[PDB]
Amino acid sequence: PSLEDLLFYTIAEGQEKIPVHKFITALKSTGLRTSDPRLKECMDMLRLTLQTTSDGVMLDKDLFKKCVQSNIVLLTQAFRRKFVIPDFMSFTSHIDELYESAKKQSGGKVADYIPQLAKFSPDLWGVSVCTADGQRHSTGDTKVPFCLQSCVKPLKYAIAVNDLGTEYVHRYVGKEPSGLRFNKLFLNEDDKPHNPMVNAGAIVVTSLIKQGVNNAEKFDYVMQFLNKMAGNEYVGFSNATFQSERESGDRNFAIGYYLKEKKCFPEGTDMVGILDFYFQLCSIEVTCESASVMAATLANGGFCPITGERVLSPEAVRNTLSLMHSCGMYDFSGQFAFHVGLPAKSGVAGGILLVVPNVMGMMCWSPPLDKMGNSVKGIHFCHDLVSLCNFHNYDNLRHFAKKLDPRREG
């Protein structure tokens, strides 16, 4: 027997040779993107034989064997329905409906405190999915760059725990939510910030990453890291947003000094310098698509799903998801944890980084925020998604009532 050969008969349909487009659309219908890095050898060989023989465009058992041999393990799982969402075409149909249902929630106010997010239109709205297996789907304004802002706080924490361990990082920052009107305090009772998703704890976590090196190499260190998470999709940097964040951050300058007085930073910290590195990290740019790969990396126990690369330790990813559950959505965290039950993180540009552990990661984006600071459409989408699918943290995988389960088939 032979794996390349048995896969050949599945797509051959008893016939003699497979047209290339018939193989291409069969492969794309699994949700894989024809530009998947795990598929580069297969696609390079296909492009070559489509030159070598204008005499086509048909592959026999032996010619198909030449192309798919290099990536046969991933292609077989994709064609024999072994992916975490087996019927991806029906699932994306559902994502499209949920998107259109949220597209009608036109309330909210765009963050206006800086001219660079006031520039963004309230009609933008996109959602990108990326499963723990690499299946992609987008709808809407998903290639528009926008800043992570507070969406970057869980990614920084993951990098800090990945490099320093849990016990070290949690000398300097706590692990609990604060309480629905302890939002205005910087420190909990141990004179540590309450947790990494809070501004005071985000700043302290920022002062742990790559100490001893200067602000240019730290920024390089974190961006190289964010590239691995996104399978080398778009990660950028807005100097416009950063220069404004620098000139309008009196609240954070207040935090920095209060943290200096109470000896919250590591010894030898340049507090004002850490504030620049902090403002920088909030001005990193993503699209919906590139961020949906980041979120899926946390969804996937730390391995980027479109490269197979190990990016974060299981200890760093578990801690980040734990803190996104309960501290992730500003004052909505408690209500969100109850009704949605997913690790999520919101931002002022309109991002919501959403992780369905063991299934997929997502990024929703609509600039207009409601009064607690979360994208109006994004929050609507997240409620709708969990009403439809048994992805809630404490839904049952066996007795889930009237919800659909995309991890099953019939």
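All residue numbers refer to positions in the sequence shown, first residue = 1.
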Item checked: Segment of higher mean CA temperature factor, 108-116 or 155-163 -> 108-116
Next item on the list: Give the stretch, out of 307-315 and 120-128, with the larger mean C-alpha temperature factor in the deposited entry.
Entry: 120-128
Note to self: In terms of recorded Cα temperature factor, pick the maximum from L187, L75, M329, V222.
What the structure shows: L75
Next item on the list: Please pick out which of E289, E285, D276, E247 has the largest Cα B-factor as recorded in the entry.
Entry: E247
Next item on the list: Would you check the entry's CA temperature factor for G302 and let me know if it's in the chain's lowest, middle or highest third?
Entry: lowest
Margin query: Using only modelled residues of the chain, where does the Cα B factor of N183 rank: lowest third, middle third or highest third?
Written below: highest
Check: According to the PDB entry, is the CA B factor of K65 in the bottom, middle or top third of its chain, that is, lowest, middle or highest?
Finding: highest
Next item on the list: Sort the modelled residues of this chain by their C-alpha B factor and say whether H325 lands in the lowest, middle or highest third.
Entry: middle
Next item on the list: Can you work out whether the C-alpha temperature factor of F336 puts it in the lowest, middle or highest third of the chain?
Entry: lowest
